[PDB]
Amino acid sequence: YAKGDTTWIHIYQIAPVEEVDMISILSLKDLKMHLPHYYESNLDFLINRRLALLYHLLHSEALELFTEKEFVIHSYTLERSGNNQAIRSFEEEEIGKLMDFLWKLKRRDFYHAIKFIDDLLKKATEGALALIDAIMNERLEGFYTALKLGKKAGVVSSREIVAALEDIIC
Amino acid sequence: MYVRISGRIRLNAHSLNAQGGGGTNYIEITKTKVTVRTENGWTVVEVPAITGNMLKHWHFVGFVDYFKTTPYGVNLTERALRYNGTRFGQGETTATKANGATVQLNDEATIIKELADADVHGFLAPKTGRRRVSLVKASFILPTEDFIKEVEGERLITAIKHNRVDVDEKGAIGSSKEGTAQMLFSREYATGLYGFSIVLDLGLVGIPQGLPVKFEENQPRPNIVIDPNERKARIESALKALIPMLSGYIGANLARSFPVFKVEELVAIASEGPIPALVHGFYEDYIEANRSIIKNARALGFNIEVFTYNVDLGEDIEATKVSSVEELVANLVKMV
Amino acid sequence: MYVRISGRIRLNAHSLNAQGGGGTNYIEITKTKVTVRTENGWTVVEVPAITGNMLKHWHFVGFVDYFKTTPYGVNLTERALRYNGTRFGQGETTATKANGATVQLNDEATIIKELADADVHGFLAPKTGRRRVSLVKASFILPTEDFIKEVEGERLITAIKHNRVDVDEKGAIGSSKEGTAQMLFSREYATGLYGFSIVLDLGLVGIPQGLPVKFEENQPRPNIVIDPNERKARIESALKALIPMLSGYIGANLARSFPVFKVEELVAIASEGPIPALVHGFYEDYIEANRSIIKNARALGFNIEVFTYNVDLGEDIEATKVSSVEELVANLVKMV
Amino acid sequence: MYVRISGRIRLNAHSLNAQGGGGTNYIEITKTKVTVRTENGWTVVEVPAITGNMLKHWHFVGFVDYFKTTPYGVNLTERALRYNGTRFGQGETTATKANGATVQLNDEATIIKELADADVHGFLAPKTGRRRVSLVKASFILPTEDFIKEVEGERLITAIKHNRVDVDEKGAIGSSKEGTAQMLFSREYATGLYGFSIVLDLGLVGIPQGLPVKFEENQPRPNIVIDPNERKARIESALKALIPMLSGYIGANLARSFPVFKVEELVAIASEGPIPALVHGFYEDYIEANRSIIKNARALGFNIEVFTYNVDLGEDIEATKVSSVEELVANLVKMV
Amino acid sequence: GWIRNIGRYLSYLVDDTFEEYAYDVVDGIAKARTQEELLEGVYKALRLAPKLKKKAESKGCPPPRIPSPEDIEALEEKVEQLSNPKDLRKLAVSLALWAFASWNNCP
Amino acid sequence: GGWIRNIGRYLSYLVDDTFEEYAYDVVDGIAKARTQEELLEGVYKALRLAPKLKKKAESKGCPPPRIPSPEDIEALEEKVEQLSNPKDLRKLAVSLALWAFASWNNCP
Amino acid sequence: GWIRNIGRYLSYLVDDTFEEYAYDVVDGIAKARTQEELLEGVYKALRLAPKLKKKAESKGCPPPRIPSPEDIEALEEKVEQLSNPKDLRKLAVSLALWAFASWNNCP
DNA sequence: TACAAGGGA
């Protein structure tokens with residue numbers, strides 16, 4: 001993401017820890033997308049690297065391979081703040097449960113699912129942050145806060161997505 | 001002089017320091033999470049609060065208000081006359097005085113000598129990179145723990161909705177196409193007994209941070225860049241800024257809410273030296289904690305003067321039974 | 001001219017500042033939560049109250065009413081003559097003067113020069129951004145705490161049903177056939193002893209907030225964009241605006257309710273220089289606190305004047321007895 | 001010309017403005033809660049009362065009754081001829097004329113110049129939005145406080161039960177099967193000493209609220225849309241409408257009850273410019289309060305004419321003693 | 001189970017088509033610690049039924065459906081045994097999130 | 001004990017349509033009952049309107065209202081004496097107040 | 001149970017059939033603030049005893065039950081220990097609650 | 001988000 005003179009570059013690596021074969025590795029290969037020169041100004045939520053990877057995983061539909069195989073993600077950031085390049089983020093959490101929740105979140109339909117996530121990301125950045133925290137740490141109030149922030153500005157918040165969220169709550 | 005003040009202030013029907021966002025309507029007040037005992041495992045509760053930034057801004061406003069009348073009021077920032085908190089924002093490298101003169105943000109000494117607001121409240125100049133830590137610090141306005149435990153959480157808030165009566169010149173309430181601001185909006189008002197704690201460090205006013213001492217005759221003489229009379233005027237103005245503080249001038253929406261105050265009890269300590277901060281009034285057992293603090297600090301070998309209002313304290317130590325916050329600041333200014 | 005007013009007033013069978021009933025035939029009166037100490041521990045109770053916004057609106061109405069007679073009354077907004085409280089809503093660039101002239105919103109000095117209502121009660125134009133904080137602060141009207149103590153609530157409200165008669169030329173009530181409106185609505189009326197407080201910072205009238213002072217030769221002096229006669233006239237207009245609020249012209253439903261509205265007691269302070277805000281009359285033990293505040297503030301050397309009505313206020317404080325509210329405003333206007 | 005009247009009157013055997021039990025043999029007078037000091041702390045007590053909405057309706061009835069005989073009485077609504085106060089109600093576009101013509105719901109000036117009832121008592125047109133506040137404000141009528149204190153409770157509301165005789169053509173009373181309606185319904189009646197604080201402003205007669213003053217050449221020229229003779233007739237009729245108020249034409253059930261009515265005492269203040277409203281006679285110390293109000297308002301610079309009914313009202317106050325309410329209204333109209 | 005109907009009724013207080021915007025009730029009921037405050041909040045939420053029905057009738061769209069008394073007692077009979085606030089939290093947030101669904105009422 | 005449903009059904013007649021009688025005052029007063037005495041007084045005002053409703057239901061072609069039995073009144077009395085805790089008092093108050101607003105089919 | 005009987009007698013005043021509706025006395029009993037006021041309230045409640053006593057046989061249904069002397073003397077004994085209106089209000093409302101109950105007076 | 005502070009050919 002450019003944002004004028006500076007530039008944020010979020011780099012992710014997907015790592016197995018137990019066992020993989022050819023088919024799994026090609027499924028991982030399908031995740032890679034060439035020329036992600038997103039730039040632009042409306043898509044400003046590519047900062048907050050977790051949000052950027054959530055947006056990237058929203059439009060990635062290679063396979064739900066890691067629901068049966070354990071995998072981890074290692075992420076880092078690169079900055080051009082006044083031509084001063086350095087690494088300022090090295091947190092190491094996982095990737096399985098986030099996309100698992102997304103995949104259990106999108107059974108009902110896509111016409112009200114992809115646009116739902118896109119609208120919450122673009123409009124309610126704070127709401128999107130609350131939602132991603134709720135996904136990461138499984139706290140009930142995060143979903144409610146995200147839904148309220150989305151509904152306040154521009155999100156329709158259809159019924160089936162609410163039912164899917166309730167089913168995720170269990 | 002070093003002074004620490006901590007006490008409890010009553011409050012009811014106050015819409016102070018709200019988020020004010022979340023779309024277009026329903027101005028909803030700010031809240032914070034606090035930990036309480038509740039005779040079981042520690043539990044977190046969600047209660048209204050006022051950020052310390054608002055208190056700092058109102059203290060700056062009061063200091064300017066009580067400093068303009070002083071003869072040294074010319075040495076003040078132009079933005080301060082407008083109650084503008086944008087102290088040396090992005091881009092600019094110079095500031096405008098009250099009389100129209102200009103000052104260059106190059107050295108801290110000149111800035112603190114010619115500008116008074118940047119002296120007491122510090123400043124940040126990103127361009128030159130100059131820094132000065134504020135000499136006044138404030139805590140959040142949180143409701144006291146025992147009150148929260150006793151009220152068992154009635155949400156301590158109320159929502160009041162009211163409208164605008166914008167009507168056309170013809171006398172008819174037109175629709176959206178015609179153009180009419182007849183619209184409803186809601187405000188959240190809170191109530192309860194709150195605690196507060198504010199600390200001042202007026203012993204370093206007029207002294208640049210970089211070179212506190214000069215060492216001409218081989219003793220640590222403080223580097224007073226301004227005249228002693230100007231420093232005394234700045235100190236007394238900063239102290240007198242507390243008079244409108246605990247009177248109804250620490251909140252927003254004063255034109256429509258004007259929060260109702262009555263300071264129920266407080267304690268202040270002044271020892272013109274390095275002194276630990278007092279216990280915040282939010283905790284229910286802060287009276288005994290402050291009593292022990294003052295008594296054993298006096299026993300340790302520090303000369304602390306203690307002024308108390310509506311607290312028994314320990315009744316075995318020298319404490320001045322002050323009856324008003326402005327009486328307290330009068331006692332403080334009479335010993336400068 | 002800085003004035004603070006506080007006191008207690010008894011209201012009987014009043015429906016002032018209702019909730020409008022939403023979209024229901026029932027009409028509700030506004031409720032809010034207030035904190036009461038009690039001997040059993042702090043509690044929160046729902047009581048009827050009057051929002052400060054509508055009090056400020058009535059004060060503005062009284063101010064414009066008393067300013068129409070003034071020869072300088074041409075400098076008023078056309079909306080003010082219709083008691084339209086809205087001031088420079090969203091999407092408008094200019095303002096219509098009382099005589100029909102057009103006033104630009106790009107200069108605050110002109111706005112305060114030829115718009116008295118914007119000068120006194122402030123204004124805000126979200127488009128051009130020009131802004132001015134109001135000079136009048138109004139607090140909420142709440143029943144006094146001790147009244148809640150002995151009366152123990154009793155819900156302090158009654159419901160009265162009124163019919164809407166719709167008789168045609170033939171003399172028939174009709175039932176969903178002639179478009180009749182012979183319905184039945186209801187209203188809620190409350191009573192009790194409430195407290196009031198008002199702050200008048202009449203020191204910035206005719207003075208733009210951007211440049212309060214001029215500093216011709218480093219000598220502070222007020223920056224007035226109008227002749228002193230107009231500033232003075234606005235001063236007594238604001239002072240006399242208090243009369244049609246303490247006489248019975250506070251609240252809505254005046255044509256049908258007109259609250260009984262006796263004034264029980266009050267205390268007033270006035271000063272040229274800044275003074276702490278007076279303690280609101282809701283608290284039971286507010287006479288002693290105000291007495292101490294006044295005594296120790298006069299000890300600080302502030303040149304203030306105190307007026308009392310049905311309040312002893314002790315003997316050490318030199319206060320002048322007043323027999324009526326208009327006598328009080330006359331005493332205020334004697335010393336400009 | 002604005003005039004306020006307030007005093008105490010005696011009622012006996014009155015059943016005015018009851019709630020209405022429903023359809024089972026019981027009708028009970030409206031009751032409201034009032035607060036009294038009773039030398040034991042403020043306490044709340046239920047007392048019978050009549051709402052001010054009904055008093056305003058009766059004032060409308062009196063005004064329309066006294067306006068028909070005027071030569072300009074054709075400018076009236078036929079709905080006022082049958083003493084109906086519906087005005088325009090909900091979902092109405094055209095208001096028919098008493099002469100048979102029609103008036104549009106817009107162009108407020110036309111409405112006030114064609115319909116005197118809406119000109120005086122206001123109206124409401126929800127379809128378009130045209131509105132006009134009432135020129136006459138009515139307050140509740142409540143038993144005076146000292147009477148409540150000196151009656152030591154002892155509920156004086158008596159339930160008189162009486163039947164509705166239904167004799168069949170055969171000279172017998174059967175049951176519902178034979179078509180006979182024999183019932184015994186009860187009505188409540190009360191006595192005591194009540195008070196009234198009617199206030200009415202007549203300075204806006206014929207003046208649209210959306211354009212009160214024209215400013216032809218920057219002068220206060222009132223915007224009159226009717227002939228001066230018609231305006232004088234309207235104001236005289238509205239003033240003479242008080243004739244049935246203090247003679248016994250207040251309340252319902254006048255055919256069967258006609259309450260025993262008598263005026264004990266009253267005080268009236270009349271002027272041209274705005275004046276403070278008199279305090280209601282419900283309280284004990286209202287005569288002294290009104291005396292102070294008149295005395296200091298006269299010194300403030302308001303030209304006020306004062307009339308009293310068998311009330312000393314202190315001394316050194318220029319007041320006229322009137323032996324009857326009709327004498328007072330004659331005095332009020334002689335100066336118009 | 002008896003959640004969809006109360007969800008629709010609560011969403012009736014948040015939809016833009018009902019220009020009243022009662023967010024205090026849903027915010028209060030969402031943040032509940034024990035039985036008393038949640039019961040008071042749901043009572044306040046259901047107290048606004050007459051204004052909703054009148055607004056719907058005046059707008060022309062079908063009136064809102066108040067939750068049936070058959071499942072009204074279900075809320076009580078399930079809620080007393082919830083002594084632990086933890087398992088109460090899931091339902092307290094489930095009702096809040098169902099209150100924010102689309103629930104197309106007036107077409 | 002089942003009397004809560006009966007008393008709530010009776011209170012539901014004070015707000016529901018097809019009745020032209022909307023006394024939100026007594027319902028709200030019962031709901032906000034801080035102490036037991038005002039709760040009993042609110043129940044008294046609620047019961048005081050029984051004759052009007054029981055006559056008008058037959059007058060408007062509706063089934064007679066389910067006026068609470070004396071056993072229900074006895075249960076309400078006993079529970080108000082052994083309950084002196086405001087905490088349980090508030091929850092019981094909102095319990096019998098919640099039944100007032102519902103989709104009762106009073107008039108089929 | 002020493003209070004159900006007086007409540008039944010009060011309910012006899014206003015009920016189905018029994019064409020003598022006296023709501024004023026019942027309200028005076030309920031609204032009474034001092035113990036003496038309760039005394040006159042119950043006195044005017046009792047003074048209508050012959051009315052119903054001889055009117056019950058006019059329609060043939062079983063006659064009502066007049067309160068026994070022991071219960072009324074026990075109420076009189078309970079009178080002179082309520083030094084505060086706080087218990088007086090609860091006693092008055094408890095006495096007046098049974099008036100509007102679903103009593104099977106005489107089928 | 002304003003400022004600085006950096007990695008290399």
# chains A, B, ... in the order shown; residues from 1 in each chain; ligands from 1
>>> residues_around(residues="residue 250 in chain B", least_positions_apart="3", cutoff="8 Å", atoms="only C-alpha atoms (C1' of nucleotides)", output="ChimeraX atom specification")
/B:54-55,58,245-246
>>> select_by_dssp(residues="range 17-141 of chain A", states="strand (DSSP E or B)", output="PyMOL selection string")
chain A and resi 71-80+85-86+94
>>> interface_residues(of="chain E", to="chain F", cutoff="10 Å", atoms="only C-alpha atoms", output="mmCIF file with N, CA and C atoms, in the first residue's frame")
data_model
loop_
_atom_site.group_PDB
_atom_site.id
_atom_site.type_symbol
_atom_site.label_atom_id
_atom_site.label_comp_id
_atom_site.auth_asym_id
_atom_site.auth_seq_id
_atom_site.Cartn_x
_atom_site.Cartn_y
_atom_site.Cartn_z
ATOM 1 N N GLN E 35 -29.713 -11.218 36.350
ATOM 2 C CA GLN E 35 -31.104 -11.338 35.918
ATOM 3 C C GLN E 35 -31.828 -9.995 35.893
ATOM 4 N N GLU E 36 -31.656 -9.182 36.938
ATOM 5 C CA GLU E 36 -32.536 -8.033 37.141
ATOM 6 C C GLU E 36 -32.395 -7.010 36.020
ATOM 7 N N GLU E 37 -31.158 -6.641 35.684
ATOM 8 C CA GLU E 37 -30.953 -5.598 34.685
ATOM 9 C C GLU E 37 -31.363 -6.065 33.293
ATOM 10 N N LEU E 38 -31.111 -7.333 32.956
ATOM 11 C CA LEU E 38 -31.538 -7.822 31.649
ATOM 12 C C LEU E 38 -33.058 -7.882 31.559
ATOM 13 N N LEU E 39 -33.724 -8.281 32.647
ATOM 14 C CA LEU E 39 -35.183 -8.282 32.647
ATOM 15 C C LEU E 39 -35.732 -6.869 32.493
ATOM 16 N N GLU E 40 -35.138 -5.904 33.198
ATOM 17 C CA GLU E 40 -35.577 -4.519 33.055
ATOM 18 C C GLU E 40 -35.345 -4.014 31.635
ATOM 19 N N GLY E 41 -34.205 -4.366 31.040
ATOM 20 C CA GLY E 41 -33.920 -3.928 29.685
ATOM 21 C C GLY E 41 -34.874 -4.513 28.663
ATOM 22 N N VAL E 42 -35.170 -5.811 28.773
ATOM 23 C CA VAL E 42 -36.112 -6.408 27.831
ATOM 24 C C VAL E 42 -37.510 -5.843 28.049
ATOM 25 N N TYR E 43 -37.880 -5.546 29.299
ATOM 26 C CA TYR E 43 -39.159 -4.891 29.552
ATOM 27 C C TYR E 43 -39.226 -3.528 28.876
ATOM 28 N N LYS E 44 -38.162 -2.733 29.004
ATOM 29 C CA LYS E 44 -38.147 -1.425 28.358
ATOM 30 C C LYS E 44 -38.196 -1.564 26.842
ATOM 31 N N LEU E 46 -39.667 -4.009 25.116
ATOM 32 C CA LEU E 46 -41.010 -4.394 24.698
ATOM 33 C C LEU E 46 -42.066 -3.354 25.046
ATOM 34 N N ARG E 47 -41.747 -2.391 25.912
ATOM 35 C CA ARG E 47 -42.699 -1.336 26.236
ATOM 36 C C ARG E 47 -42.979 -0.418 25.051
ATOM 37 N N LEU E 48 -42.064 -0.340 24.086
ATOM 38 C CA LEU E 48 -42.208 0.552 22.941
ATOM 39 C C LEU E 48 -43.075 -0.032 21.831
ATOM 40 N N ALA E 49 -43.854 -1.072 22.119
ATOM 41 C CA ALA E 49 -44.701 -1.680 21.093
ATOM 42 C C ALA E 49 -45.756 -0.735 20.527
ATOM 43 N N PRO E 50 -46.527 0.015 21.332
ATOM 44 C CA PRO E 50 -47.595 0.839 20.737
ATOM 45 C C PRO E 50 -47.101 1.871 19.739
ATOM 46 N N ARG E 65 -45.101 -7.602 14.580
ATOM 47 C CA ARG E 65 -45.697 -8.687 15.348
ATOM 48 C C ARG E 65 -45.006 -8.777 16.704
ATOM 49 N N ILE E 66 -45.769 -8.536 17.764
ATOM 50 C CA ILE E 66 -45.276 -8.633 19.135
ATOM 51 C C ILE E 66 -45.021 -10.107 19.425
ATOM 52 N N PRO E 67 -43.975 -10.457 20.174
ATOM 53 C CA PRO E 67 -43.754 -11.867 20.510
ATOM 54 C C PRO E 67 -44.956 -12.465 21.227
ATOM 55 N N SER E 68 -45.289 -13.698 20.857
ATOM 56 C CA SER E 68 -46.467 -14.351 21.397
ATOM 57 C C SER E 68 -46.269 -14.676 22.876
ATOM 58 N N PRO E 69 -47.345 -14.667 23.666
ATOM 59 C CA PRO E 69 -47.221 -15.047 25.081
ATOM 60 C C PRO E 69 -46.815 -16.496 25.295
ATOM 61 N N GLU E 70 -46.955 -17.358 24.284
ATOM 62 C CA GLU E 70 -46.593 -18.763 24.455
ATOM 63 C C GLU E 70 -45.103 -18.923 24.738
ATOM 64 N N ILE E 72 -43.232 -16.202 25.640
ATOM 65 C CA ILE E 72 -42.844 -15.202 26.630
ATOM 66 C C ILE E 72 -42.411 -15.883 27.922
ATOM 67 N N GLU E 73 -43.185 -16.873 28.371
ATOM 68 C CA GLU E 73 -42.830 -17.616 29.573
ATOM 69 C C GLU E 73 -41.587 -18.472 29.371
ATOM 70 N N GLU E 76 -38.497 -16.616 30.810
ATOM 71 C CA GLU E 76 -38.413 -16.785 32.255
ATOM 72 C C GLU E 76 -37.970 -18.196 32.614
#
>>> atom_distance(atom1="CA of residue 192 in chain B", atom2="CA of residue 161 in chain B")
21.0 Å
>>> closest_atom_pairs(of="chain C", to="chain E", cutoff="7 Å", atoms="only C-alpha atoms", output="CSV")
residue,atom,partner,partner_atom,distance
C:22,CA,E:51,CA,6.3
C:23,CA,E:51,CA,4.4
C:24,CA,E:51,CA,4.8
>>> write_last_selection(atoms="N, CA and C atoms", output="short mmCIF file (atom, residue, chain, number, x, y, z; two decimals), in the first residue's frame")
data_model
loop_
_atom_site.label_atom_id
_atom_site.label_comp_id
_atom_site.auth_asym_id
_atom_site.auth_seq_id
_atom_site.Cartn_x
_atom_site.Cartn_y
_atom_site.Cartn_z
N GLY C 22 -43.68 10.02 21.64
CA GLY C 22 -43.31 9.24 20.47
C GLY C 22 -44.46 9.20 19.48
N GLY C 23 -44.83 7.99 19.07
CA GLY C 23 -45.97 7.81 18.19
C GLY C 23 -47.13 7.13 18.90
N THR C 24 -47.35 7.50 20.15
CA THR C 24 -48.39 6.91 20.98
C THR C 24 -49.31 8.00 21.51
#
>>> residues_around(residues="range 30-35 of chain A", least_positions_apart="5", cutoff="9 Å", atoms="only C-alpha atoms (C1' of nucleotides)", output="MDAnalysis selection string")
chainID A and resid 25 57 60:63
>>> write_last_selection(atoms="C-alpha atoms", output="PDB file, in the first residue's frame")
ATOM      1  CA  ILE A  25       1.610 -27.549  -1.511  1.00  0.00           C
ATOM      2  CA  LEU A  57      -8.228 -14.080   2.534  1.00  0.00           C
ATOM      3  CA  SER A  60      -9.057 -16.290  -1.745  1.00  0.00           C
ATOM      4  CA  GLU A  61     -11.004 -19.503  -2.370  1.00  0.00           C
ATOM      5  CA  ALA A  62      -8.320 -22.062  -3.215  1.00  0.00           C
ATOM      6  CA  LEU A  63      -9.254 -24.750  -0.671  1.00  0.00           C
TER       7      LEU A  63
END
>>> atom_distance(atom1="CA of residue 5 in chain D", atom2="CA of residue 325 in chain C")
19.4 Å
>>> calpha_fit_rmsd(fixed="chain E", moving="chain G")
0.9 Å
>>> interface_residues(of="chain F", to="chain D", cutoff="9 Å", atoms="only C-alpha atoms", output="PyMOL selection string")
chain F and resi 51-52+55-56
>>> residues_around(residues="range 91-100 of chain G", least_positions_apart="3", cutoff="6 Å", atoms="only C-alpha atoms (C1' of nucleotides)", output="number ranges by chain")
F: 44; G: 7, 10-11, 30, 88
>>> atom_distance(atom1="CA of residue 33 in chain C", atom2="CA of residue 143 in chain C")
11.3 Å
>>> select_by_dssp(residues="range 20-106 of chain G", states="alpha helix (DSSP H)", output="VMD selection string")
chain G and resid 23 to 31 35 to 46 49 to 59 69 to 79 85 to 97
>>> write_last_selection(atoms="C-alpha atoms", output="PDB file, in the first residue's frame")
ATOM      1  CA  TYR G  23     -66.232   2.374  45.289  1.00  0.00           C
ATOM      2  CA  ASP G  24     -65.778   5.456  47.483  1.00  0.00           C
ATOM      3  CA  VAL G  25     -65.573   3.479  50.731  1.00  0.00           C
ATOM      4  CA  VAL G  26     -63.155   0.943  49.223  1.00  0.00           C
ATOM      5  CA  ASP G  27     -60.906   3.733  47.946  1.00  0.00           C
ATOM      6  CA  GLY G  28     -61.055   5.471  51.325  1.00  0.00           C
ATOM      7  CA  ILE G  29     -59.968   2.233  52.981  1.00  0.00           C
ATOM      8  CA  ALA G  30     -57.121   1.763  50.497  1.00  0.00           C
ATOM      9  CA  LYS G  31     -56.024   5.420  50.346  1.00  0.00           C
ATOM     10  CA  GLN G  35     -55.034   4.516  61.346  1.00  0.00           C
ATOM     11  CA  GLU G  36     -58.142   6.458  62.337  1.00  0.00           C
ATOM     12  CA  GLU G  37     -58.914   6.988  58.646  1.00  0.00           C
ATOM     13  CA  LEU G  38     -58.778   3.210  58.265  1.00  0.00           C
ATOM     14  CA  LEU G  39     -61.177   3.060  61.214  1.00  0.00           C
ATOM     15  CA  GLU G  40     -63.861   5.216  59.578  1.00  0.00           C
ATOM     16  CA  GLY G  41     -63.203   3.433  56.284  1.00  0.00           C
ATOM     17  CA  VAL G  42     -64.000   0.038  57.763  1.00  0.00           C
ATOM     18  CA  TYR G  43     -66.884   1.651  59.669  1.00  0.00           C
ATOM     19  CA  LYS G  44     -68.614   2.849  56.497  1.00  0.00           C
ATOM     20  CA  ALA G  45     -67.767  -0.500  54.918  1.00  0.00           C
ATOM     21  CA  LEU G  46     -69.596  -2.237  57.776  1.00  0.00           C
ATOM     22  CA  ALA G  49     -74.203  -4.795  56.340  1.00  0.00           C
ATOM     23  CA  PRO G  50     -78.025  -4.741  56.803  1.00  0.00           C
ATOM     24  CA  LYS G  51     -78.410  -3.634  53.164  1.00  0.00           C
ATOM     25  CA  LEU G  52     -76.842  -6.771  51.717  1.00  0.00           C
ATOM     26  CA  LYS G  53     -78.039  -8.929  54.623  1.00  0.00           C
ATOM     27  CA  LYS G  54     -81.711  -8.360  53.818  1.00  0.00           C
ATOM     28  CA  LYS G  55     -81.243  -7.898  50.059  1.00  0.00           C
ATOM     29  CA  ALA G  56     -79.520 -11.268  49.520  1.00  0.00           C
ATOM     30  CA  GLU G  57     -82.757 -13.164  50.189  1.00  0.00           C
ATOM     31  CA  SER G  58     -84.583 -10.896  47.723  1.00  0.00           C
ATOM     32  CA  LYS G  59     -83.019 -12.864  44.849  1.00  0.00           C
ATOM     33  CA  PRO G  69     -66.310 -10.512  66.303  1.00  0.00           C
ATOM     34  CA  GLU G  70     -62.941 -12.141  67.019  1.00  0.00           C
ATOM     35  CA  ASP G  71     -61.341 -11.100  63.719  1.00  0.00           C
ATOM     36  CA  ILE G  72     -62.571  -7.505  63.970  1.00  0.00           C
ATOM     37  CA  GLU G  73     -61.360  -7.191  67.569  1.00  0.00           C
ATOM     38  CA  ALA G  74     -58.013  -8.613  66.419  1.00  0.00           C
ATOM     39  CA  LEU G  75     -57.811  -5.937  63.714  1.00  0.00           C
ATOM     40  CA  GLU G  76     -58.595  -3.369  66.410  1.00  0.00           C
ATOM     41  CA  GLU G  77     -55.739  -4.766  68.505  1.00  0.00           C
ATOM     42  CA  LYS G  78     -53.372  -4.578  65.522  1.00  0.00           C
ATOM     43  CA  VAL G  79     -54.363  -0.921  65.095  1.00  0.00           C
ATOM     44  CA  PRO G  85     -47.571   5.080  57.873  1.00  0.00           C
ATOM     45  CA  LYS G  86     -45.050   2.743  56.208  1.00  0.00           C
ATOM     46  CA  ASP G  87     -46.798  -0.374  57.522  1.00  0.00           C
ATOM     47  CA  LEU G  88     -50.167   1.399  57.524  1.00  0.00           C
ATOM     48  CA  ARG G  89     -50.183   1.662  53.728  1.00  0.00           C
ATOM     49  CA  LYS G  90     -49.347  -2.021  53.284  1.00  0.00           C
ATOM     50  CA  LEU G  91     -52.045  -3.013  55.786  1.00  0.00           C
ATOM     51  CA  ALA G  92     -54.643  -0.846  54.032  1.00  0.00           C
ATOM     52  CA  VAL G  93     -53.775  -2.129  50.562  1.00  0.00           C
ATOM     53  CA  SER G  94     -53.733  -5.726  51.826  1.00  0.00           C
ATOM     54  CA  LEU G  95     -57.223  -5.228  53.254  1.00  0.00           C
ATOM     55  CA  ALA G  96     -58.501  -3.570  50.069  1.00  0.00           C
ATOM     56  CA  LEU G  97     -56.922  -5.973  47.544  1.00  0.00           C
TER      57      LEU G  97
END
>>> residues_around(residues="residue 320 in chain B", least_positions_apart="5", cutoff="7 Å", atoms="only C-alpha atoms (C1' of nucleotides)", output="PyMOL selection string")
chain B and resi 306-308
>>> residues_around(residues="residue 7 in chain H", least_positions_apart="3", cutoff="10 Å", atoms="only C-alpha atoms (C1' of nucleotides)", output="mmCIF file with N, CA and C atoms, in the first residue's frame")
data_model
loop_
_atom_site.group_PDB
_atom_site.id
_atom_site.type_symbol
_atom_site.label_atom_id
_atom_site.label_comp_id
_atom_site.auth_asym_id
_atom_site.auth_seq_id
_atom_site.Cartn_x
_atom_site.Cartn_y
_atom_site.Cartn_z
ATOM 1 N N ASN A 83 11.915 7.611 3.749
ATOM 2 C CA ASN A 83 13.061 6.871 3.219
ATOM 3 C C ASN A 83 13.863 6.214 4.341
ATOM 4 N N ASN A 84 13.163 5.771 5.382
ATOM 5 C CA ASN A 84 13.758 5.084 6.528
ATOM 6 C C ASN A 84 13.126 3.698 6.603
ATOM 7 N N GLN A 85 13.796 2.717 6.006
ATOM 8 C CA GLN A 85 13.260 1.366 5.908
ATOM 9 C C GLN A 85 13.641 0.544 7.137
ATOM 10 N N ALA A 86 12.639 -0.068 7.764
ATOM 11 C CA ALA A 86 12.839 -0.882 8.956
ATOM 12 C C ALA A 86 11.634 -1.795 9.130
#
>>> closest_atom_pairs(of="chain D", to="chain C", cutoff="6 Å", atoms="only C-alpha atoms", output="tab-separated table")
residue	atom	partner	partner_atom	distance
D:43	CA	C:151	CA	6.0
D:52	CA	C:256	CA	5.0
D:53	CA	C:256	CA	4.7
D:86	CA	C:166	CA	5.8
D:137	CA	C:255	CA	3.8
D:138	CA	C:256	CA	5.3
D:139	CA	C:258	CA	4.6
D:210	CA	C:82	CA	5.6
D:215	CA	C:99	CA	5.4
D:276	CA	C:247	CA	5.1
D:277	CA	C:247	CA	5.1
D:280	CA	C:260	CA	5.8
D:296	CA	C:327	CA	5.4
